[PDB]
């Protein structure tokens, strides 16, 4: 049976395809598809981005490294990598040591 780790990897890919298949090339994200994905799937991790079209505009341009106005899977995974690392760092910030009790924030 698929492990928690394998399920998580598959779900990341499935989520990308849920938005990439809507219009244009079915394996790339148009601006509209990327914004939809960010607002629906990263509304907590990218809370300031969902309500701010401005930062989404910067991020699309940063990720679109071949300047073809769509995000390939490989281009979009640069964002996933940044999010994973940021979440790891924030998880540690929210779980300080030495309090003799647990914390439950996770990452934000």
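Positions refer to the first chain, counted from 1.
Checked against the record, the higher mean CA B factor of 36-44 and 67-75 lies with 36-44.
When the modelled residues of the chain are ordered by C-alpha B-factor, residue 17 sits in the middle third.
Remark: residue 51 belongs to the highest third of its chain, ranked by C-alpha B-factor as recorded. Per-chain ranking of the deposited C-alpha B factor places residue 101 in the lowest third.
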